[PDB]
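Listed next as structure tokens is one chain, alone, in the form deposited without benzylamine (ABN).
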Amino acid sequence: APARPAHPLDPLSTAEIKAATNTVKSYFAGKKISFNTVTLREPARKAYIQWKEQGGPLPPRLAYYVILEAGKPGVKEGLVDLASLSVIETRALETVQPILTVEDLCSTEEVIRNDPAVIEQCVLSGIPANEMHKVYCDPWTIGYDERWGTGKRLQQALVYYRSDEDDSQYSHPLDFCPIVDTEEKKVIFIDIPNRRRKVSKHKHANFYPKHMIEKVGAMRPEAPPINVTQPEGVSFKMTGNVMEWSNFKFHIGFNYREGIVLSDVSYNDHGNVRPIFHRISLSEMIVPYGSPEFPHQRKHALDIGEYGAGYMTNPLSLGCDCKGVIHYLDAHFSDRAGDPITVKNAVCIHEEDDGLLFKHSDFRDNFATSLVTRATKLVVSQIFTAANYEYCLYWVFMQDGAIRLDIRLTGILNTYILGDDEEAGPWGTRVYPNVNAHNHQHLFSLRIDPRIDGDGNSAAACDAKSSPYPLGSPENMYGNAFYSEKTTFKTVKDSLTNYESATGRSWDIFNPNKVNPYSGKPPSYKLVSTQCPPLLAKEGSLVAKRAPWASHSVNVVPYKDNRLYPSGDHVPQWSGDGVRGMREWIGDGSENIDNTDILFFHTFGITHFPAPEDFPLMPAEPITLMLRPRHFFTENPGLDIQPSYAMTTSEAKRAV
């Protein structure tokens, strides 16, 4: 039996992973099985909390596994109790398909390169059979194809051409789409368009220095350096995966799917350690493309559920992605064979200056009376690559007690071929000759398990509204009166709400069992999110059905153990029909969500209309949302931070 971790929420160590896989291999003795997922099965919320603050028993270390068996359809999943090295729970799901690992994907390219039918298509497209080594493809989930359901594990290959291995293939997509059987490693069908478009005869749109030197005249001269040094160390303190900074204390976890997982978040309010969130993370996402033409409906990847923000994460060291005195965390997964794999520097932690926290000067002595305090922020981040795109995720903690999620989208646009005399139409943009970048949205589902100042929470929408009384009335004589209308969700159905520019809507997550001694309102953390696009895909569409959580900016359901993934546990190839995930949690919409243990799922993101500026490599596009304490504290929580400058009125006078 492997050693227990330091903390119940720590990810499975490599030893625990081996232990888990050995256990499963034994249980299925004499069966050819392969490992798709071996990850920590977190303790029940209750167990964790009791252990943490009621002297409760240590929760057992459990490992969740997903495997495939040669010749058997679908998958098998279960739990391994590491202490006793045994399978304690197991079941077979023959009509489902699992997340696609790098091994499942890193091999599709070679199979299409060697497929006679694919070769014939390349030849017809203008690439001779002896140049197949110049043909490339990004292996995608087939998403969903009614021609096969989950009856076969499939991938669809978006084909591209490289004139030279160092080229960026995206300026040269081919017009067809092979469909590959993941287990059989072979092409079973190829979607061929009615209107054929042969390879672009243009130069590739490249972005490395040597390419740029040839493209524009030369590179710009290296700019004078901007050095950031922390000579005396950092203010934060890492103890294992536990972080302590500016009164915040939380556990930094990580898994193959969600990537970073922040847990057991609390704030030390001058000795009174107050809980804020039990768990927070990105639980899923979907990038629905808007071209109605076949087979483009199959482009609506749920990167988190179908590839995994953990599995695709970039080793952060080299890129100079994290500037300053960094603290890194590695990630551990399992490979197909059940052996632990490690991706180094998967998460980086650092703190950086963030301008002014607050300031105020008295005009009376010409601002000689003044106090200025600079702000510093705690950043916990990762960068993962979903084939063409790169998602930079930054969890930010601030000195006023706010928590923010900043995402920067970069990488390369998904592209499809465009005929010389073809208009990108209303569905896409011609960002380069013969290149069509299709419209699409980038949507994310933020999962918040709150514990605002303790247990028993509620949620509400807050809308700014003018007084109902008219101009000239005794109640609103000059018609300037306005207030905040708070609608607290009593039932799940009440929470299904969207962002509203008309009222500057924001959402409150509060503890109705307490009151702020000054304001009289319950302590709360307010979600201030504005990049909340409506789901453009029609109701009842493929996209709307497989991502039921995306239809509303906010979804609030009662807490239940293991309610993590909004689009179900096994996303690839699910048609979206059925009661699972968010659709299951919502139920008939009648369960109570007022003053209980609740789960708050927020949908945010952007609607991406490509433009030449995004090609051939896109400048980082920002996305952000934040949670601010409101009525949580009785006053600015950062006033005990040493001002960077401070002069009292009496001091200014005596100073001459």
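Note that residue numbering begins at 1 and tracks the sequence as displayed.
Although not depicted, the form deposited with benzylamine (ABN) bound is the subject of the following passage.
**Q** Quick one: find which of 473-481, 542-550, 135-143, 578-586 has residues within 4.5 Å of benzylamine (ABN) in the entry with it bound by heavy atom distance.
**A** Single hit among the candidates: 135-143.
**Q** May I ask you to choose, among 105, 243, 379, 179, the residue with a heavy atom within 4.5 Å of benzylamine (ABN) in the entry with it bound?
**A** By the 4.5 Å heavy-atom cutoff, the listed residue in contact is 105.
**Q** Of the residues 303, 167, 453, 508, which one places a heavy atom within 4.5 Å of benzylamine (ABN) in the entry with it bound?
**A** When benzylamine (ABN) is considered in the entry with it bound, the option within 4.5 Å is 303.
**Q** Answer for residue 387 alone: is it within 4.5 Å of benzylamine (ABN) in the entry with it bound, judged on heavy atom distances?
**A** Yes, residue 387 lies within 4.5 Å of benzylamine (ABN) in the entry with it bound.
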